């Protein structure tokens, strides 16, 4: 059920983010403070103490003063607070004060889901975005070889029967990606695909 920090760190190193990755974290991820460098991270919405709820990806682009928040569901800030109790202003504030000369940044976030409502692949979609990020940090959400393979649909449509095929097709290809790109995936494919299944939530 879900995906573990060990398994996403493995998959993220396999994707080439080794030189830029800051580890997976609970909601208390300190941010990007170490220095002004291409850095990205995977961040849970809850604390470690909850045993884990939802995976997000974060990236900092030094060339463009931009932090990307990636939720495979593409929820709004409000909907992030609401459903997951997750906020990340503390984290952005620490990152701006540290790296931004003018204490300002661009926060760029998804407005669409690539994830089915009952899928438990969030962690993995995060991996995928991070690959895209670490290769195309200027254009990571869309318009690059990696994210091109996914098909965004408006987050407002997450629960609608019209886009289920679409979010499923998204999962199958994600699996193909990670298959093609990650030795740690191929070695534990059968398992990760069972634990992260397109409708894991129905079969708990």
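Think of the rigid core as the biggest set of C-alphas that the two forms share within 1.5 Å after superposition. Residue numbers count along the first chain shown, from 1.
Exercise for review: Consider 140 to 148 and 29 to 37 separately and indicate which one has Cα atoms farther, on average, from the shown form in 4 other deposited structures of this protein after rigid core alignment.
Suggested key: Of 140 to 148 and 29 to 37, the stretch deviating more in 4 other deposited structures of this protein is 29 to 37.
Review point. Where do the C-alpha atoms have the higher mean temperature factor in this entry, in 34 to 42 or in 51 to 59?
Key: Looking at the record's C-alpha B-factors, the answer is 34 to 42.
Review point. Which has higher Cα B-factors on average according to the PDB entry: 77 to 85 or 119 to 127?
Key: Higher mean C-alpha B-factor: 77 to 85.
Review point. Against its chain's modelled residues, does residue 149's Cα B factor rank lowest, middle or highest third?
Key: Tercile = middle for this residue's CA B-factor.
Point to revise | Assigned third (lowest, middle, highest) for the C-alpha B factor of residue 100 | key: CA B-factor rank for residue 100: highest third.
Review point. Relative to the other modelled residues in the chain, which third contains the C-alpha temperature factor of residue 137: lowest, middle or highest?
Key: Lowest third - that is where residue 137 ends up once the chain's C-alpha B-factors are sorted.
Practice item. Determine, from the deposited record, the chain-internal third of the Cα B-factor for residue 168: lowest, middle or highest. Key: Answer is lowest: the recorded C-alpha B-factor places it there.
Check your understanding: Comparing residue 64 with the other modelled residues of its chain, is its CA B-factor in the lowest, middle or highest third?
Key -> For residue 64, whose C-alpha B-factor we compare with every modelled residue in the chain, the answer is the highest third.
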